[PDB]
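Taking the form deposited in one PDB entry, here's one chain by itself in structure tokens.
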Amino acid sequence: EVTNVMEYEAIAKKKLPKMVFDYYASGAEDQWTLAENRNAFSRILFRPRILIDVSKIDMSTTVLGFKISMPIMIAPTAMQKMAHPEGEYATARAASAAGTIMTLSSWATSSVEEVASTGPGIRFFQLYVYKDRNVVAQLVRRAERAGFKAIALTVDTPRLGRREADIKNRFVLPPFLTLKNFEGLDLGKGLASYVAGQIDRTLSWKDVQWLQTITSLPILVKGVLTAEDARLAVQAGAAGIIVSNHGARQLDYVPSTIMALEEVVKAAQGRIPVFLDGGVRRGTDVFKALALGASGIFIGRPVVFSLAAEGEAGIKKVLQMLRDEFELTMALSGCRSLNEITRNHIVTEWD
């Protein structure tokens, strides 16, 4: 009997082949930030208010115009068909059924349209401004046609972080899986090898402004841990900021997103929504993020680990667990809406 979200990592570690579990579970180098992404939540306590009528909890929120059932969303991860045959189809169905947003990786094993064919649902598309700006365009288009509503642009990955497990595992994408967003596209004449060499080391904020010249979809600038870049993201025309450290997969010894969050929220000055991912496993984590000023969180690994465990039902139970846990956190904190989740409902180390 699985009772918390973290237990799916343990199950996925048993069930998956080492190189796949590692590929997902990996953080950069000595995985300090990966641990810190979890540990830092445990250095924030609650300051609950009691004896408040919490019989009607509303955790529903609006994200870039779209109403969703909870401030708990799915972050993009690569190649989900290594975890489970359905892969991103199951994620889409689960995310649609949960009434929340799913971000799809450009490195997904299922295309935007494949995911869209599972049924209606609000979905964002994770991108890099790759070197081949025509390929970036095609992807964007492909996403717009598939009914995707925003672009989570990765901005902390001019180069890939050193996840040493992969080198030690000789990590190769399995035989019958492809990066389906790049299939059928004009690449200018191995696809994983292609996209890896396509990650652009030269990106500036002008390239974020450029991304806005090829799509009218709101741009979530994804991977901002500093108030300095939080400011620049607003000025660059970002629809929102995801305080992400790429699941601690890029630069290690970068702060946890929870430490980083409040600096970014304040720097954004309410001009745009500030989301978080990295180390959210508990409903208490969701709350803490929101009390620090986040507009909602994404989960990455729990989706792939639970997908690996129980398929769609695994992702269903992760969203449901986080939901129930978060509703209970709200109840036991005295919060009947997300607006009622205030800074005074928590205390951090760094107060």
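Only the largest set of C-alpha atoms that superpose within 1.5 Å between the two forms is called the rigid core. Numbers follow the displayed sequence, beginning with 1.
Here the subject shifts to the form deposited in another entry, a form of this protein not shown in this document.
Just one residue from the list 111, 138, 250, 178 crosses the 2 Å line for C-alpha shift between the shown form and the other one on a rigid core fit, and it is 250. Put the two forms on the same core and the Cα of residue 314 is off by less than 2 Å between the shown form and the other one. With the core held fixed, the Cα of residue 30 is displaced between the shown form and the other one by 2 Å or more.
Annotation: residue 23/residue 30 CA-CA distance shorter in that other deposited form than in the displayed model, change of at least 3 Å. Shown here is a form in which the CA atoms of residue 28 and residue 23 lie at least 3 Å farther apart than they do in that other deposited form.
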